[PDB]
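> Kindly generate the corresponding structure for this input.
(8 chains)
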Amino acid sequence: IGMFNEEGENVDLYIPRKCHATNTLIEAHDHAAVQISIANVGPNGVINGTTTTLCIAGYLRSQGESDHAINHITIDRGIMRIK
Amino acid sequence: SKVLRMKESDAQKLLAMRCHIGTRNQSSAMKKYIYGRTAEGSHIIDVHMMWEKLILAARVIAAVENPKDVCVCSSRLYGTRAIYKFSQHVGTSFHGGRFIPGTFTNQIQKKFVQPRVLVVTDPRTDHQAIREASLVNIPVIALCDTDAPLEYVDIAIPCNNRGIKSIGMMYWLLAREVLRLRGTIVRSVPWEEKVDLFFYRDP
Amino acid sequence: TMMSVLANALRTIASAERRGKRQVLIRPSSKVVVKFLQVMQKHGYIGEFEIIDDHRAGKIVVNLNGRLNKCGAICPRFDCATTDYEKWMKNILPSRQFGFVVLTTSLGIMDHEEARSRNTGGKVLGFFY
Amino acid sequence: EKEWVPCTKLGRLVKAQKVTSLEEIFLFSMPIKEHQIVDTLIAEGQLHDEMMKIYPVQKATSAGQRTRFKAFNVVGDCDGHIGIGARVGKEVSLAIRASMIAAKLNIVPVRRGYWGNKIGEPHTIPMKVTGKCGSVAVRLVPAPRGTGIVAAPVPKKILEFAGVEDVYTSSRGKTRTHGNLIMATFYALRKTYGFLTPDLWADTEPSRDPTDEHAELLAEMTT
Amino acid sequence: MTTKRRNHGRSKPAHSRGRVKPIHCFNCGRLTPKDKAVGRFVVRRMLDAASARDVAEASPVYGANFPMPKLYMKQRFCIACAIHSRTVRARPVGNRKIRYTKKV
Amino acid sequence: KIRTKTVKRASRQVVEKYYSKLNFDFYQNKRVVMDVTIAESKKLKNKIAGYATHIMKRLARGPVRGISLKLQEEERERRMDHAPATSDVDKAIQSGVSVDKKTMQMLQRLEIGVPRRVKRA
RNA sequence: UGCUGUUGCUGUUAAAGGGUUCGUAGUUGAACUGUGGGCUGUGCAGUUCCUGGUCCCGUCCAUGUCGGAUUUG
RNA sequence: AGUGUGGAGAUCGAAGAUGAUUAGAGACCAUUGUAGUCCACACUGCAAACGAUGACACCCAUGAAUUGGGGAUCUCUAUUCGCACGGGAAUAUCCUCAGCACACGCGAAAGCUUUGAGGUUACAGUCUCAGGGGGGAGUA
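Numbers count the residues shown, from 1 in each chain, chains lettered A, B, ... in the order given. See the structure here:
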């Protein structure tokens, strides 16, 4: 997922996270840059084994589309219900 | 899995506890949450949109495995006592009164604290917590008026933040909802404590 | 006074990609605006179009996947001989790997890489990284 | 001084072995707020330090002129990471101290590409980049292998600590002011991880923060 | 040099009027444009309160449920004549922009 | 006449830590000071003993910064015992909670629609 | 020396938008005549038939209104 | 503002006169006063003629307002006035076009912002005007 050497050796220093809204890389120096981990649920309403986590870039929180963007993602993920 | 859908008691309470009513005016955001007007001018919130933001919040919080990470705040007296007991039942840390600028961003201080998550009553009257939450990579879960500035606010629940009764439910419904998930409370029955126990003091 | 209908088209795509929009609605579609977009779509920098009929000049609605850094038009449309791909590769593209320069050739609108292999030269239209 | 007492969760996970590298701290974008986080993670014999500029600065008061010394430090492993701190003091020796520190607090990842077929190890910046600290912006262009660093005296050092062997530059502005020139080249080196190249588009799978996995190990250290 | 006001001290934006016939200044005579000049509308009592009790006493018709007349005048001041009279004073940069308008 | 933060502060540690000092008497509340406190000078205690009685006396007026350990009775003075009350006093046992013409159009669109015991005006 | 700037400058305040409008030489100038098909073998993405792991229906309770279970359902 | 020929000539008023002020002071202040200020017909074209911001086109988020025109209400429908310039006038809610104005990004900074100085080293929508250290000099 990074630039590979002709010999196949992965050359990257690290592979940054990408905003799940804007698809922008999250930079080391970006201090909004949130993860939001929603606990995944199963019947009877108990938490088990929840991997679904959102990444939002510093840009987007400061305009206040973080909320609008997390509605869009949780709906594509099915964590939410349109009605 | 139709569980964590709202149901007739949930709705009644809000409709009874008036959490569904907004301030007269309106921000750009928090329009999708607003439903129509009254003749008094107030805005009315979808009980649907409101609700799903609650379990979403509650799913964020039940995914915090050390509840001393979560940090609940307000500067509003009306939201001071609600903070308090919610923080007991769920376990969360809490700070009311006047948020001291610098608690998140000053190392050397002793009162320095590093939460994962923040919860704020009011996105206005707490701008000092949200702001510094933006320096330290802290997601935010805010109870929001129709007005609330959503700057740096990742997950916003529509509510009455005004008035004592309206807030106390909204932490009462969270803690109830959070605990139906974590900490094993019996979903089949009404829960133990009383809302009366989340309300502001004055003698 | 719409001088170039690509100039207007690819700015909007450019300046509405910089804002993170999920879709753009572009005012005057044209045979060149489509063929340019279908080159963007070949390399993965745009999802989908709708070309809507107004009976006059369409309106393109493009789904952005977030992968465009910029879209230019080169306005006077300078020529390229197949030896001149190195100027344009050098001046207008960020690296010698991942950019693309779009040309009009006898064979049509195509990349500078689709052109080197077919050996045509032509006139420059724009770029996208 | 003594064995030193971590003030922040990440300083704790650093002092315990359970954060082993900066690229874990860089990935989950986190403030490095206490420098000894750097001294652990980078093996020594690697970090290398110099002072770019030291110049006196004068607040006008009644009577004389209060003079402070503003000082710029530059730190990096000649692979990857670089940082540039700039601090002030009432005398040089103090300024050089605080500068040494703030350079370790600001270390930032640098990306390294090729100019051509990808062979051996990366010698250059992957793409054209600018950064601008003032009137003065410093453009960094990829370069064929072996050209060497083409740049002023000052950005040669900043570019040598980051590990870039081959780059062409040009710097517009008033470049005489090394306050800005030093941060402008730096801000340009930052952007090398901001830019999304078709390589980097595929879904990564999320991971959990170090302080979220080890949150338990943190609560027993706090409490 | 530096612009001190977005407004340039006028009620006149660019692409509005362009001329605005000038008026004389109360107290001075300075001609200034009717936008520039600082207006105040006054409504002043003819008589000081302790002078009213005297006269309001001495009158057959006046002074019970009926009051005395007042002096009604607008005043338009040169920006110099206004500062010297203290009707307006300089204000700190942060506070320069405040409009009282009329509210109650 | 004005007391330095040193007088102010130490005197807040006494009242925080001693309820032996009670009477509004400067003289009683003084003789408890000097044995317990070492300020090395008299005026300090004379100041401290003067302000220490301001604090105590005022405590009877209401709360004062550096609040006493009596908060135990303060807190638990909250008596949560009520019939239900408010929550189910709100449904008012067959008396529908007031609901607007919209908040009806809210409910009738909801899947849940209108929860029982809900009226309009 | 990107201090002559096509690549490549600057013009609110540093030097620099004509006081406004009309207007010739000159430069620039909107969309359209236009996804060619079918057959074979092979790589991709979006209705036969088989699942019983869901919600809906229903049952039992009835619970004044936030239990539920129930088998074929 | 000037200039030319006729008119007009109330007010104010370059030049001028007089009294004060002042070490001096036609200055600033006061009483005056000519050209002028006003008008018609001709010239002049010399402004901080300013938004110190060329013209045409596109993209661009928010809150309360405002002036024209139009539409709906006759989920928003409603208020006050009552042949005669009137099946009307204004208002309220909402929308809309067109005008003057009170988040990104950029900028040396002051600041600018769907009324750009934004969308520019990731440099390219079109035409045009002016600038190239300060003086000398807008002079010869």
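
> C-alpha only now, for contacts and for neighbours.
Noted.

> Return the distance of the closest residue to residue C:46 other than its chain neighbours relative to residue E:25.
Once its chain neighbours are removed from consideration, residue C:46 has its nearest residue in residue C:64; the separation is 5.2 Å (CA to CA, 6 or more residues apart in numbering or on different chains). When distance is defined by CA to CA, to the nearest Å, residue C:64 is 63 Å away from residue E:25.

> Which one of the residues in chain C is closest to RNA strand H?
Going by CA to the nearest atom of the strand, RNA strand H is nearest to residue C:74 of chain C, at 3.5 Å.

> I'd assumed residue C:104 was in contact with that residue.
No: taking contacts as CA atoms under 8 Å, residue C:74 lies outside contact range of residue C:104: 12.0 Å.

> between those two, what contacts are shared?
Among the neighbours of residue C:74, those also in contact with residue C:104 (CA atoms under 8 Å, 6 or more residues apart in numbering or on different chains) are C:124-125.

> In terms of neighbours, single out the busier of the two.
For residue C:74 versus residue C:104, the count of surrounding residues by other CA atoms under 10 Å in any protein chain shown is larger for residue C:104: 24 against 17.

> helix, strand or coil for the more buried one?
Put simply, residue C:104 is strand when judged by DSSP: H, G, I helix; E, B strand; the rest coil.

> beta partners for it?
Legend: beta-bridge partners of residue C:104 under DSSP bridges are residue C:109, residue C:123.

> do you know how far it is from chain F?
According to CA to the nearest CA, to the nearest Å, residue C:104 stands 56 Å off from chain F.

> Just the element for the closest residue to residue B:201 other than its chain neighbours, please.
In space, and not counting its chain neighbours, residue B:201 is closest to residue B:81: 7.5 Å by CA to CA, 6+ apart. Per DSSP states H and E, residue B:81 falls inside helix B:80-90.

> That helix packs against which elements?
In this structure, helix B:80-90 packs against strand B:71-73, strand B:93-95, helix B:164-181, with contacts taken as 3 or more CA pairs under 8 Å, 6 or more residues apart in numbering or on different chains; DSSP states H and E.

> swap the cut-off to 7 Å and go again
Judged by 3 or more CA pairs under 7 Å, 6 or more residues apart in numbering or on different chains; DSSP states H and E, the packing partners of helix B:80-90 are strand B:93-95, helix B:164-181.

> Turn those into CSV, columns for distance to chain C and mean neighbour count.
Formatted as CSV, the helices and strands packed on helix B:80-90 follow (distance: least, CA to the nearest CA, whole Å; neighbours: other CA atoms under 10 Å in any protein chain shown):
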stretch, distance to chain C, mean neighbour count
strand B:93-95, 36, 19
helix B:164-181, 33, 24
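
> Chain D: which of these is closest?
strand B:93-95 (13.1 Å; CA to the nearest CA).

> Strand partners (parallel or antiparallel) of that closest one?
Strand B:93-95 sits in its sheet next to strand B:71-73 (parallel), going by DSSP bridges.

> Residue C:127 contacts residue C:98, doesn't it?
No: in this structure, residue C:127 is not within contact of residue C:98 by CA atoms under 7 Å, at 11.1 Å.

> Looking at the two, which is more packed in?
Here residue C:127 and residue C:98 are compared on neighbour count by other CA under 10 Å; more neighbours surround residue C:127, at 24 against 14.

> rewinding a little: any chance of the helices and strands packed on helix B:80-90 in TSV, plus distance to residue C:79?
Rendered in TSV, the data for those read as follows (distance: least, CA to CA, whole Å):
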stretch	distance to residue C:79
strand B:93-95	67
helix B:164-181	66
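
> For RNA strand G, find the nearest of those.
Shortest separation from RNA strand G across those is recorded for helix B:164-181, at 10.6 Å, computed as CA to the nearest atom of the strand.

> Check what contacts that closest one and list those residues.
Outside of helix B:164-181, the residues that reach it under the criterion CA atoms under 7 Å, 6 or more residues apart in numbering or on different chains are A:45-47, B:17-19, B:54-55, B:58, B:62, B:78-79, B:82, B:86, B:89-90, B:160-161, B:185-187, B:195, B:198-200.

> ditto for stretch F:97-106
The list of residues contacting stretch F:97-106 from outside it, by CA under 7 Å, 6+ apart, reads B:16, B:38, F:91, F:117-121.

> Name the member of the residues you listed that has the highest neighbour count.
Most crowded among the contacts of stretch F:97-106, counting by other CA under 10 Å, is residue B:16 at 26 neighbours.

> Could you say which helix or strand holds that one?
Take DSSP H and E as the rule and residue B:16 turns out to sit in helix B:8-17.

> show me what contacts residue C:108?
Applying CA under 7 Å, 6+ apart, we find residue C:108 in contact with no residue.

> got it, and residue B:71?
Residues touching residue B:71, when contacts are defined by CA under 7 Å, 6+ apart, comprise B:92-94, B:115, B:117-119.

> Please repeat the previous calculation with a cut-off of 8 Å.
B:92-95, B:115-119.

> Distance of the residue in chain E positioned nearest to RNA strand G relative to residue D:61?
Scanning chain E for proximity to RNA strand G using CA to the nearest atom of the strand identifies residue E:1 as nearest, at 3.4 Å. In this view, residue E:1 and residue D:61 are 27 Å apart by CA to CA.

> With residue F:46 instead?
Summarising the geometry, the distance separating residue F:46 from residue D:61, computed by CA to CA, is 42 Å.

> In terms of packing, which of those two has more residues around it?
residue F:46 (17 against 8).

> Can you verify my assumption that the more buried one contacts residue F:28?
No: in this structure, residue F:46 sits apart from residue F:28 without contact. The criterion is CA under 8 Å, and the distance is 11.9 Å.

> returning to what we had before: nearest to residue E:52, of the helices and strands packed on helix B:80-90?
The stretch from the helices and strands packed on helix B:80-90 with the least distance to residue E:52 (CA to CA) is helix B:164-181; that distance is 53.4 Å.
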